Each structure stands twice: as structure tokens, then as C-alpha cells.
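Here's the letter readout for the chains.
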Amino acid sequence: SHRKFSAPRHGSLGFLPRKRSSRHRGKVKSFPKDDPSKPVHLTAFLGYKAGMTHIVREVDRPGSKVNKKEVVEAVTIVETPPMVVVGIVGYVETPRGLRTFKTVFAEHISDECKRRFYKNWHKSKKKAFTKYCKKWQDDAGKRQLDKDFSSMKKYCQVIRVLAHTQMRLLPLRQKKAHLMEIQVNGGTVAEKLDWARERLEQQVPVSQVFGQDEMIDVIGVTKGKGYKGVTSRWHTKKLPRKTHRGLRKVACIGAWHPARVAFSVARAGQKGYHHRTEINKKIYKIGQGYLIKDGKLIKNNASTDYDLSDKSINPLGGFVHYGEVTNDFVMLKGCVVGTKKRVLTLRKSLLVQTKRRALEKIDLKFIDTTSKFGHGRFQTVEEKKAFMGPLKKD
Amino acid sequence: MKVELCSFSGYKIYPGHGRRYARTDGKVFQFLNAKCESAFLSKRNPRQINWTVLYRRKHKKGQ
Amino acid sequence: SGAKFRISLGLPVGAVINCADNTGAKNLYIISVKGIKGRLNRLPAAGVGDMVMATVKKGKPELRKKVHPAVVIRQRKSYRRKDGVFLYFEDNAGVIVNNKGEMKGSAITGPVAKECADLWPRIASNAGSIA
RNA sequence: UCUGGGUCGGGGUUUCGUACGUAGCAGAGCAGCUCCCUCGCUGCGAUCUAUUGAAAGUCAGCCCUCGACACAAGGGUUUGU
RNA sequence: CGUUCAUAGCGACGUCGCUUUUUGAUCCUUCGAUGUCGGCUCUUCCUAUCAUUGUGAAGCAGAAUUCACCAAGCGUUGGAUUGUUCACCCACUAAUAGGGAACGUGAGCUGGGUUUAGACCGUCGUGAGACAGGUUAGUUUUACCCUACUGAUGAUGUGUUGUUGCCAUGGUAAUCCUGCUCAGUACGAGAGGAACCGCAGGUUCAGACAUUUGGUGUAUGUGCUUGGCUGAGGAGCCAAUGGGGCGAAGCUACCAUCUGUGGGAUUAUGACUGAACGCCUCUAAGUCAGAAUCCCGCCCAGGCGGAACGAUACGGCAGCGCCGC
RNA sequence: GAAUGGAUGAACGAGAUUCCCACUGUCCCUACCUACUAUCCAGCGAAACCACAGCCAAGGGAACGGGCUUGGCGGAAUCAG
RNA sequence: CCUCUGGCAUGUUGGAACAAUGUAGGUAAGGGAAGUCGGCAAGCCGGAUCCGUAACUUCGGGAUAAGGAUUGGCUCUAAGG
RNA sequence: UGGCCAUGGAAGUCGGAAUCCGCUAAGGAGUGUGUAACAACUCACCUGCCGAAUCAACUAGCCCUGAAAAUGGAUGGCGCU
RNA sequence: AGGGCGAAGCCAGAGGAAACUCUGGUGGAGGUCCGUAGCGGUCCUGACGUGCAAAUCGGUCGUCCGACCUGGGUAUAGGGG
Ligand SMILES: [Mg+2]
Ligand SMILES: [Mg+2]
Ligand SMILES: [Mg+2]
Ligand SMILES: [Mg+2]
Ligand SMILES: [Mg+2]
Ligand SMILES: [Mg+2]
Ligand SMILES: [Mg+2]
Ligand SMILES: [Mg+2]
Ligand SMILES: [Mg+2]
Ligand SMILES: [Mg+2]
Ligand SMILES: [Mg+2]
Ligand SMILES: [Mg+2]
Ligand SMILES: [Mg+2]
Ligand SMILES: [Mg+2]
Ligand SMILES: [Mg+2]
Ligand SMILES: [Mg+2]
Ligand SMILES: [Mg+2]
Ligand SMILES: [Mg+2]
Ligand SMILES: [Mg+2]
Ligand SMILES: [Mg+2]
Ligand SMILES: [Mg+2]
Ligand SMILES: [Mg+2]
Ligand SMILES: [Mg+2]
Ligand SMILES: [Mg+2]
Ligand SMILES: [Mg+2]
Ligand SMILES: [Mg+2]
Ligand SMILES: [Mg+2]
Ligand SMILES: [Mg+2]
Ligand SMILES: [Mg+2]
Ligand SMILES: [Mg+2]
Ligand SMILES: [Mg+2]
Ligand SMILES: [Mg+2]
Ligand SMILES: [Mg+2]
Ligand SMILES: [Mg+2]
Ligand SMILES: [Mg+2]
């Protein structure tokens, strides 16, 4: 018989094999369509989820009840120290797909990057790209290099730069810097390639990719939760108290007579550590890192035009389970995928953004900087020292 | 962003945090956190409780 | 013009919020919440500012033994305002009302939540304190 | 050997709510002794004040130390166009 | 019949069918047993479409509407009584459409009801006993096998190894509503009373997340306190977590917060040019618009499928890469 | 329907119902914690069951096939469920 | 419930983890039986002293009816041989 | 020619018995629209243009409508014009 | 075990003209109530369900001076007890 009282089914099939993702670094499954017209640029970046916090802002959507009313708002800090371009890699269209065609690597490559290429660095002699870099200083090699670049000019269509992180500049344990292919979207391929050939071995900061009040897509791996039962992993009803063989289950897997259990039926398995591409996360603040002209410039982070203090986005006692954000960072609206410390791919949108909400200009009023390691009540240490007065530790 | 003061302890309450109580007499209280609010609801006279501002004013601490 | 925003709604069907207008009713047994499509097994729930059908369980015998519309005015479940302040109210409470939003009483004892005030003007007019 | 990661220590953060001891003309009263002084002295006495936002915990999956201590090319199995 | 008018909507007397969500026939299968109703829970299909999209109809002025077409994408709820299926009532709603899967689903539950044994009542029986007549009390076993599904190591290949990648094939997702505006406007004698574009939000669903609010809390963190026990103080312990305040981190909640997209072919339909048929016709050759559809996109997984690039065993015995013969 | 006992009835009942107050995770709607498991390891080590076996759709067929026909297809060995 | 006398080695094993399902305990915001055949299960209540105690009744009961208040520590007083 | 029956109005026109003559080139005592009823409109006979076949009623072949089911599916399959 | 209720009888005081009645005690009745050991075995339709167990375990329960529980001895034997 039919099921009596209808109800929409639990969980989406558009997300499954609900298995542990192969990758850790979230792949960009599609870069935006390079119109050939606008100038060249990078489409993606690779940051790190340092931590959350508040903002306060005046909102300007006329019509709303909240028009010209200061709301608060959660935000993620994605610490994003500049990447280093160490390669380009040409692709060519085929009817089979999109074959990689030619990879030209830079001359010098950091041990940050070289780390990646060995499973055990302690034990290696660190001999990678050793016979490669010989090419970059002779007649023969330099000529072959030029012919490779020329061939890419003749044949290739898509060009991706290879860059990698500056694992050096982070509070993370790891030294093995994440590489990633990032796509150069812009003018003609010959122009496109000579841009990336100029950028080779060079820094690239965040502000060169992204701008403020820009919708971007966060790509990463979800905070993993191990083996989980069907009630956790699918949010199935619990069965009642009296159930004899347990109650965090599904009762009827399936009907008798497709005499197999279907792929659509809810089973217990891996919950979390899935790959996920959340879209439309507006950049409220691209924040300038600590720098030196005479003394430190720690202010330039979490100070606003209306606050004017001497904060950084770092709260008291740091971001928890992370560190100090001593580098440039972006500040997205809302939560994003994954854990603290997780490497996170940003990506420019796939989508022509023209909604009132997606063109809204964000002027921040106040960044909360109170500790997250307990219930914080002081924004800065100087404020605390004022409020408390002197302590026995003096 | 009018920073308010905790009706128990005395600390300031920054926009994000804490909770707002609206008693039927028709007067309102702000609590920094639950710790304050619990002492308030259990009727603890904050001048008796050391860590509050009201106590330390009463006992002339600092200065 | 400007619409409501959702708020943590802590009156499922089965609550007896106290009538806070001068009718003569004391309680308001919420038998249903107006404008709820709802899902299997799920109780219809009315926060503050929500319309509601309401049997009176104790009070005058004119009102008893029939259904009236009503509005929830305070509620003990702490909702979050858009300015990031949570707020709760000490008591759940409402007012008997007609289809078109007018009160059938005349004066509201206690404070009304401004989520309810802005959305219900005739309630707001008879409300002494707001928020 | 971007000298490193680790243990201990030190800060920071934070949780709780002000330790022991000592002192007090604080302390409902009571007692012993007498100089029967009843503010006599001396003792008992919940609690109170002060020292004292003190004490104590705070990565084990918080943050910074570059202070102290050692320890850091070591072992085993592999695989060939 | 529908004032008038067979056919807007209907439809007698007659007639032709489909259907197996009714009940009968029948007894082919199973009596060395296929667990016998209902409810819960969960998935999937069908359409004979209640709503939602696109449309033709009216006895369609508007509003409300019934009739029909494409169409099953997405929905179709909360309760009172009843073991119920069914039924009815209240309430909300956009709508509270209908079914199938061994009358889906007992090694999934439950066991209220049927349907052992204990008992009561009525009617029947001389009686033992009987009763699709009522009542109450009454054991719900087993998975470690194979498959299927869920996730988890691996597998053959590529000389070995690592890299960054492509993408065959699978899956797939968004939903509907309110308010404001249009506007007391069109339409209408009035009564009443729309719609497209905007704008603001919300339902249900999905995917995350923990700044904040809440929950947990054996950091057994820090007080407080019972009975006992270290002669007492101090410091502690025991009482299967002695109890209780408050509680970091961490999990976690429409109980907190964030995000949810674009094309193509066309269907129904309405059209163009235009014969057949010196006219006329959307059609016959030819052309246009066209959708909750379908296919892709995005999104998830990634093939006994490929890719470019790196390094390729100094040695103490080594072993190999090219080249030519 | 009247000792096949009728009508009653305080007290009593691990007896059968119905409502109200209180109270609650019964539920809305699930969540976190603890202990013993399950898990991996050393040692030890059973049983039921077993024609052969074990991927599907449809067909026909003793009228619901793992095996047959026609199609889809098929990749070692395993782990927790 | 904790202790001495006396008695034991945790009931036929150990180690490492802390997943899903369980078994046995706990706690939960707002609501409070909307759950379910049915408040099943758990929760409320609980000791004592002082008040206060209904209908009904076989006058014995009902009755701890219901419904209220108090409770610690300390320092004293008075009353009982 | 308000023809007759029917008055409730049918002078062609809800219906029904009738149902012919004149002018005629020729128009039914009327196919409908519609009217309280008319009116008004609409539906032969003949021309003007154009330039050979035209049109009706049956009948039977293929094709199509009629033609709705639940795991995804079967002229045996692939396919075939 | 320990508690509760407090029947007859008895004392005093007060009233009553008498009959006798009230008030305070004492007294300790009962197939009386709570509740241990004991005896039992309601519910969870809990655990277990190739068990610890061919009927056990946990909480929750009934009863707990009486038709009470219980050892040994002794009697009744199969259409018989
Ligand atoms: Mg259905
Ligand atoms: Mg059971
Ligand atoms: Mg925090
Ligand atoms: Mg339900
Ligand atoms: Mg007729
Ligand atoms: Mg049959
Ligand atoms: Mg079976
Ligand atoms: Mg149809
Ligand atoms: Mg069945
Ligand atoms: Mg089954
Ligand atoms: Mg069973
Ligand atoms: Mg039964
Ligand atoms: Mg029976
Ligand atoms: Mg096992
Ligand atoms: Mg002590
Ligand atoms: Mg014990
Ligand atoms: Mg057409
Ligand atoms: Mg077209
Ligand atoms: Mg189109
Ligand atoms: Mg696809
Ligand atoms: Mg009789
Ligand atoms: Mg008689
Ligand atoms: Mg009888
Ligand atoms: Mg078989
Ligand atoms: Mg033990
Ligand atoms: Mg042992
Ligand atoms: Mg033993
Ligand atoms: Mg609760
Ligand atoms: Mg129900
Ligand atoms: Mg119910
Ligand atoms: Mg119970
Ligand atoms: Mg009673
Ligand atoms: Mg059982
Ligand atoms: Mg078992
Ligand atoms: Mg044992």
C-alpha cells in the first residue's frame, strides 16, 4: 500500500557517495568562463580558516524593516598570506575533454613547495627539480623553454598558473605548502601566457584577486565526524522508547519486491569530511597584515573609521585552536566549510551577480575582538588594564 | 552601537553578547552572561557578591 | 511594508499563554497557529507577533467554550533581534483579537514585544510599554 | 638547520569567586580568673573585615614565548623503463 | 435539462470499453508451516491532477469558476473519538487528490485488535459445551553465512614512485506562500475587485557552521554542602558520577547563524508564410513564440580510461637510461 | 431481573475504565555526557545452518527464478555495519 | 550510607582505543501528554514539627485526605531527676 | 398576410395542423440570429469578373483519435522507413 | 527490626437534681496501616533469549501476628492420590 501521510524525503541524493573525500584541499570543479575581452586576472586563491567573530554594520536595503539600522553579523577570518606562482600549465580542447598539454615550471622553487613533492622529507635528499633547473641557464634549455611557450601560444586554449602557499608565514604546524592550479581568465592566450610568464616566482597577494563587497565561492572539506548512525547522518526520525532492537534506526529499509535495498535508503556511514562548494559568501573586509615602517602597524586590521583603536582581528588569547593572524586576511559573511586551520579555496563567482543584496556596499562599524576562549568581556588588553586597575601580579 | 551595562555585575555589554530580560512590571535588565542572570533570578544582592562592580564600590576597592 | 523576520517561536499548539487584556479571560489555550503549512509530526508554533487561534480555558463564561483569534505579545522563549540582542520576557502572554487585527478588549497589562507592536498597530495603540 | 620539534617554566587568555596563615576595638553571647574590673584582662564563639578580583585550574585538540633541560642522519622492509 | 439553445455544463431509453486500489467466482502454487489486522518508521513508482507552472472552455465583466490539454517537478499538514481500515468532527492551509510495491514494510518495532489455555455476562444447549454476540487477563526467538545497500582498506594496468590535472559514466534540488507597490485602479449600474514588473520577508526541503543565544559538562575546573573516615587544624578521601551552584574547551539546536544559481530542445498551446482545394486553412514541403517538463549546466562521486611534469636506487656488493651495431 | 440471587454499598484492591491538578524528553526534536559492550590486539575458542550456489529487468514456466530464454552486464582478497 | 574486628582480590583473562548500533545510568531551552491502544517509561511527591483537614460512611473509618508553613550553623535561656 | 391554431406572446421564426397562389427573375406561409412581439440582420433564382472539370452520399485498405498503473523493458535483442 | 492509628477496661476534673454526659490522661485491642528480614512475584510486555539460568537478573511491586513462613518425621499412589 501507499505510505499514508506524505512527507518530503530526508537528505539529498545530489550529494552522494557520502564518503570521506579523497582530497583534503578542496578542488575548484569549475572556473568561471573567461570572456576574452576584460583584462587578465586570477580566478582563485587559497586561504586558511583561522576563526569566526562579529561585525556590526549599518545596512542599506531600502524597504526592509532593518534599513539604516545597525545589525550585527557573524564573519569568518580566512588568513590568506600571498601565494607564489611557480608554474604555468597549458591545456588544449579535445572532443575527449581538456588535455593538459605542457607544464613549464619556474627556475627557483622553495622548500615550502618542494616539501609537497616528497612523502618523507626528513628521509629524502631533496633532489626534485634538480635536473630541471639546469634548463634555465644555457642556450639549449632556454631555447627549448621558449619553443614550449611558443607551442602553448599556438595550440593551447586554457591556461592555468600553478601557485602555492607560503606555509612559512602561518601559525600552523605544517611546512608542506599547498600547490594548486589557478586559471588565468582574460584576453588572448598569447597575452594571457606572457602575463603568467612575468608573474613567475613572484608573490601574489589577496587584493590582486579579490575586492571588497564581492560574492565569492568558498570551496573546502567539511569538518569530519567519523562513523555516524542514520539518525545523525540522515536526520531520520528516532523511533520511540519501546523499540526492542534500538531506536536510532530506520524501520523499513525497503519494500519486499524490488528485492534489494536501494541507494536512496538511509544507512549509517561516514558523516563529514566531504567536499563542498558553498557559494555567495560576501567579502566584508580584505584586511591588511602587520607591517613595519618604524614600529608595528597592528591597527590596520580590526580598526574601523568609526572605532579608531589599535586592534588586530586577533582576539585576546588569539583565535582558538589556531594562532595569530599576522598576515593579510579576508573577512567573509557567515560560516564556511571545514575546521579551524583548514586550507580553503576561494573562487570568483560563476554567476552574473546583480541582486540588491549582492551589490550592497559594506561599511563596517565595529569588529568584536573579545576573547573566544571563554566568555570574553574586554575588547583589548589596554581596556582590561584600565577597568581592573592594578592586580597582585605587579 | 549603544554599549549597555549589566544590571547585576556592572560590566559593559558589547553589541553581540549577553541577553535582555523584560519583566512584566515593565522594566528591563541586561545581563553580560548567564552567570549574572542566574544570580539575578535567584535574587542575589549584587552588592554582597565580590566580583561585581556594586560590591567593589561598596567596599571602596581600588583608589 | 518591511516584513517580519523569523524569531525563535516557543509556543507550540498546546500552550496556555495568559491573556494580558482586560476581557475577563485569564488563559488562552493555543489550539492552532495561523499561517502554518507545516510538516509531518510537527507542532505548529507561534512566537511573538504571531496570530493564533485560542480557546479560553479560564475566565468569564461568555468567552469560555469557543474559539477566538489571538495575538502573542510576550513570550518566555528568547528570540534574537536583528541587532544581535537576545530578548525574553518572563511570561508568555497574548490578547484576544478579531480577524482584522482589532482587539476585543481595550487595555494591555504588561509590555508588548515590538515585533508584535510594529506588526499589529491596534495592539500597539493599547500597549503601555513596548519591549 | 626558514635550525627544529618536545618537556618544564613564564606570560597572555579564561573558569570559579577572594585560599592558608596572621591580625582586628568586628562578633549574638557565655565562661575563668582576678585589679570584680562588665572594655577589667584572659579564654571559648557560627560568622565578619583586612591582607586578597585572592587561591586554585587553564591543553591534554587555547595563544605567544625563543628562559631552563635534554634529544635531533637514527633503525627495519622495498622497488628497475 | 440548461429562460431561449440536444452537446458551456449536463444527459434518459440504449450501447461499446478499460481497470484490478471493491467484492465475488475459481482452486493452479504452498499444510516436513511463505508469521495471520492495524498503527509507527522509510524508500520508490503510478496517474485516473487536489495545489503549484504553461495553456484552450464557458451559461469567463472583475472576483469567484467549473470543463478540458501538456504534465507526477514539487507538495499534500496539526489534533478530538475509534484497535481499527473506513468514518466523522475541529484547526490551519496553496492544497489538505487518489493509488501501487507479497492488500510494501513483526530476525524493523509495537501488540490495542483478531485467534489457545484463566474468568464474566447474555442468548442457545438436559449436558459436556456453542456463539463474524459483548467483556477482561494473557512468553512477539536467531544474523557471525550469501547477496543487496551503506561507508572502509585494497586490486589489475601504466618500468617504480610522487604531482598537479582531465572526465567516461552514475547521482542531483530546490519549493511554495504572504505583505507592500501596481490599486480601491482595470472590469462593473453598484456591490465588489484583479493582473505583469518591481521591492520586503517567510514555509517546506537541502548543504554547512558555532561569532552569538541556548543545551550538555567527569577538564571530576572551581566554590558550597550531607553522613563517615585520616587524634584535630590544614590537606584530603569514601558514598558505582554523594549532592548541588557556576562552568573553559569540544560536540550540538529553525533553540543560535550563514548559502541554495544558468542554458538548450521542445510539449500543450497560439501564430507566420503556404499549397492541397483559381478561395480558405498553423501544415502538407517550409518558419516563429513556448513551459514547475525533458537534457545539460552548476553541484557530488570519479572507469581494469586517459594527462603533463618531477625524481628516478654511488656503493659498502649495485642496478639501470639512451645510442648504435 | 431477584440465593440460576436482584438493588445497594463505607472500608479495601500490584483488578477494568474516564476526566482534572501537578509533574515530566511521551512528544514538538532532538542533543550532550558517563560506565559496560561492540571495535583492534595476545591467549583461548564453540554453534545453528549447508542439493550446488549466490548482481538485475522482462519472458515464459507448477500462474512471484540464482540458475532457463532475451536483454542489462561482470575485475582479486577483505573490514565495520 | 561510611568505619574497626575478621575477610577478599572484582566473580573463567589481559592490553590499546573511545566509531555506529546497543545494555545501565544522567541532563536538558521554550511548550507540557500535542506522544501513544493506553501517561507505558520517567518525573513530581516524600522524613519530622506545627497548623489544617471534604464528600461520603457499616459512625469504626475516609486520613499522611486535600491545603499550608517551618527545618542549617553558632551562642544562650527555661523546663523537666 | 397579424395566413391559421395558439393570446402568454409567434404578423416566417417557444411549439404543432398546415402549407398554396400572385409578382414572377425569384424568395420557404420559412434555415437560423434574435425579439414580449416586431424591427434589424442572416440563410434560393439570376447575373459581373475569373477559366475545366466540379460535388455529393456511401463503401473498404493502410495510418491516426478512441487508448489510464504502479522496480527499468522488451516485434526475442540490436535495429529497420 | 522500627514506626502509625489508638478498641475495651481504669483514673482525675467539670457539669448534671437524676439518667448519665463532656474534657484531659492512662491503657494497648486488631486475619489494623506503613515498613525491614522472611514469604511472594504486579509492571517495565526492561535485561537475557545457541542465557548465568531447560524460567534466571535488575529496578518497580504485593504481604509482613496470621487462613504467616519454615526444617526434620509421618500419612495418602495411578482411573489412584
Ligand atoms: Mg500519496
Ligand atoms: Mg518491547
Ligand atoms: Mg568560544
Ligand atoms: Mg505523527
Ligand atoms: Mg428544452
Ligand atoms: Mg484469490
Ligand atoms: Mg520469509
Ligand atoms: Mg493525463
Ligand atoms: Mg502485507
Ligand atoms: Mg521483513
Ligand atoms: Mg518478531
Ligand atoms: Mg491483547
Ligand atoms: Mg481465552
Ligand atoms: Mg564482530
Ligand atoms: Mg578541616
Ligand atoms: Mg555498597
Ligand atoms: Mg504546431
Ligand atoms: Mg523555437
Ligand atoms: Mg526555449
Ligand atoms: Mg551528468
Ligand atoms: Mg432469568
Ligand atoms: Mg424466586
Ligand atoms: Mg441468567
Ligand atoms: Mg532459489
Ligand atoms: Mg568490575
Ligand atoms: Mg581480574
Ligand atoms: Mg567465580
Ligand atoms: Mg525540557
Ligand atoms: Mg496522534
Ligand atoms: Mg492524544
Ligand atoms: Mg508508571
Ligand atoms: Mg479520598
Ligand atoms: Mg520481556
Ligand atoms: Mg542476542
Ligand atoms: Mg559470569
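Above this note sits the structure.
This text gives an overview of the structure that appears in the document. (Residues numbered from 1 in each chain as written, not as in the entry; some residues may be left out. Chains lettered and ligands numbered in written order. Part of a larger assembly, values for the part shown. Heavy atoms only, no water. Residues with missing side-chain atoms left out of burial classes, pairs and counts.)

Next up on the list: the protein's contact with RNA strand D. In the vicinity of RNA strand D there are 33 residues, among which A:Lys123, A:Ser371, A:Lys384, A:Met388 and B:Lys61 approach most closely. Considering the 4 Å shell around the protein, atoms of RNA strand D inside it are sugar or phosphate in 61% of instances. One of the backbone nitrogen or oxygen atoms of A:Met388 is found 2.8 Å away from a base nitrogen of RNA strand D. Between RNA strand D and B:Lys35, the relevant distance is 2.9 Å, taken from a base nitrogen to a side-chain nitrogen or oxygen of the residue. Considering each element in turn, the surface near RNA strand D owes the most residues, 3 residues, to helix α7 (residues 381-388) of chain A. Residues that form the surface near RNA strand D fall into these classes: 11 nonpolar, 11 polar and 11 charged. (Near = heavy atom within 4 Å. Polar contact = N/O pair within 3.5 Å; in protein donor to acceptor, adjacent residues only side chain to side chain. Helix = DSSP H or I, 4+ residues; strand = E, 2+ residues; numbered from the N terminus. Nonpolar A, V, L, I, M, F, W, Y, C, P; charged D, E, K, R; others polar.)

Quick look at the sheet that holds strand β2 (residues 27-33) of chain C now. The strand order around the closed barrel built from 5 strands is β1-β2-β3-β4-β7 (chain C), with neighbouring strands paired in mixed fashion. Across the sheet, the mean angle from the axis of one strand to that of its neighbour is 55 degrees, orientation sign disregarded. (Pairing = 2+ DSSP bridges. Axes fitted to C-alpha atoms, helices over the stretch in contact; angles between N-to-C directions.)

The next thing to look at is the interface of chain A and chain B. In this assembly, 13 residues from chain A lie in contact with 11 residues from chain B. Across the chain A/chain B interface, buried area totals approximately 1100 Å², and carbon plus sulfur atoms make up 64% of it. The largest per-residue losses of area from chain A upon contact with chain B belong to A:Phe366, A:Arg377 and A:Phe387, which jointly make up 46% of the total buried on that side. At the junction of chain A and chain B, the tally comes to 0 salt bridges. (Contact = heavy atoms within 4.5 Å. Buried area = accessible area lost by both parts, 1.4 Å probe. Salt bridge = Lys/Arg side-chain N within 4 Å of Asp/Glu carboxyl O.)

Next up on the list: the packing of aromatic side chains. For any two aromatic rings, the description comes down to two numbers: the centre-to-centre distance and the angle of the planes. Per the counting criterion, the structure on display carries 16 aromatic pairs over all chains. Measuring from ring centre to ring centre gives 5.4 Å for A:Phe129 and A:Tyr132, while their planes differ by 80 degrees; the resulting arrangement is edge-to-face. The class of A:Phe129 is partly exposed, set by a relative accessible area of 24%. Both rings, one in A:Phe378 and one in A:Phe387, keep their centres 5.4 Å apart while their planes meet at 50 degrees; by these two values the pair is tilted. An aromatic cluster of at least three residues, connected via ring pairs, comprises B:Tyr21, B:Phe29, B:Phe31, B:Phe40 and C:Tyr88. Between A:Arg377 and the ring centre of B:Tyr11, over which it is positioned, the NZ or CZ distance is 4.7 Å. Here B:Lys35 stacks its cationic end above the ring of B:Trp51, 3.6 Å away from the centre of that ring. (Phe/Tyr/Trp six-rings, centres within 6.5 Å; stacked < 30°, edge-to-face > 60°. Buried < 20%, exposed > 50% of the residue type's maximum accessible area, 1.4 Å probe, protein only. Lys NZ or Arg CZ within 6 Å of the ring centre and 35° of its normal.)

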